[PDB]
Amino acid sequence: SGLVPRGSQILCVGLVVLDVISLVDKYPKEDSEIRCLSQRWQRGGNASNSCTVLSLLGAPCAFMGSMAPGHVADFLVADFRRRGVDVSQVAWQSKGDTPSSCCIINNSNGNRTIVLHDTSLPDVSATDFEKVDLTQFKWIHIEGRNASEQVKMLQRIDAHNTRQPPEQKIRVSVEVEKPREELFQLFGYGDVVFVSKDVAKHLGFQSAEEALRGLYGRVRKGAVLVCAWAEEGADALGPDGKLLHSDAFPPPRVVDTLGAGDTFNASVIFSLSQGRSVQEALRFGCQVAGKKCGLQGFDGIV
């Protein structure tokens, strides 16, 4: 690790997982031995994907998440470095496995069957976050996971900001992506709150407009709540009460939407960290995520 200039990096806190994806002619019957058509090992995880996009956008970025020493972590660290991501804040654990998932894709109907990673590896704790020198960062994005610990991380960032002039305050964003009640306390933290379409629909909202008007009462004073809604584009709502919208920028052909939400989040964060307005950041998020949907992976998103 070398010298990182003060207030230069965007940190994403969350999951990194090894996804082993196998394409098969037909779903294997239990207890059978089959050969796949093709296989690929990929680095996944919401915060992990957002770091890849931030590096491709030209932002110095860092990932913070748990990993256990071993060959799975070696593959993931080499893949983070292949995408220019700084991994010096990784919380190395002495117990548990580095997450790894198995995804079987049936080439005859596109069905995806997933065997998700085990929960043995401890999540990043508030005590792990206390050890991080914050001066390095201009923005910290947190993927909502172990909410009670992440609330203490957010309170530490808020305390840091009270002693800084407006120019050296660290901007904060949070993502509430899973419909887990424990995560809903995270709406009250951060300057920017991203809420997924899946969370909005599980809370009874049928559109991004409904979700933002119905959930704005939960954010802290001054915060911007953002909700992307696939082909329907994305909306944002700030303290002035004006609903902002951008239409989607769909590709000529949709080929891969995995990580489109992480691409949208990273692109909104990047645009706002560059001093752009919320309307401009919302449009930029739709532009980059729409372009990504027409490409396999993140190469060529620009």
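In this text, rigid core is short for the largest set of C-alphas that superpose within 1.5 Å between two forms. For every residue, the number given is its place in the sequence shown, counted from 1.
S.K.: Relative to this form, superposed by the core, which stretch has the greater CA RMS in 8 other deposited structures of this protein: 262-270 or 63-71?
M.R.: After the core superposition, the stretch with higher RMS deviation in 8 other deposited structures of this protein is 63-71.
S.K.: Do the Cα atoms of 38-46 or of 243-251 sit farther, on average, from the shown structure in 8 other deposited structures of this protein when the rigid core is superposed?
M.R.: After superposing on the rigid core, the more displaced stretch in 8 other deposited structures of this protein is 38-46.
S.K.: Mean CA temperature factor from the deposited coordinates, higher in 78-86 or in 156-164?
M.R.: Comparing 156-164 with 78-86, the higher mean C-alpha B-factor belongs to 156-164.
S.K.: On mean Cα temperature factor in this entry, is 180-188 or 133-141 the higher one?
M.R.: Stretch with the greater average CA B-factor: 180-188.
S.K.: Among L23, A289, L18, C12, which carries the highest Cα B-factor?
M.R.: Result of the comparison over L23, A289, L18, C12: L23.
S.K.: Taking the Cα B-factors listed in the entry, which of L212, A73, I104, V174 comes out highest?
M.R.: Within the set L212, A73, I104, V174, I104 shows the top C-alpha B-factor.
S.K.: Taking the C-alpha B-factors as the PDB entry records them, is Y27 in the lowest, middle or highest third of its chain?
M.R.: Its C-alpha B-factor, which the entry lists for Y27, ranks in the highest third among residues of this chain.
S.K.: For the chain shown, is the CA B-factor of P250 in the lowest, middle or highest third of its modelled residues?
M.R.: For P250, the deposited C-alpha B-factor lands in the middle third.
S.K.: Rank-wise, by C-alpha B-factor, drop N46 into the lowest, middle or highest third of its chain.
M.R.: Answer is lowest: the recorded C-alpha B-factor places it there.
S.K.: Going by what the PDB entry lists, where does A68 fall on CA B-factor within its chain: lowest, middle or highest third?
M.R.: It falls in the middle third of the chain.
S.K.: Among the modelled residues of its chain, does the C-alpha B-factor of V195 lie in the lowest, middle or highest third?
M.R.: Ranked within chain, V195 CA B lands in the lowest tercile.
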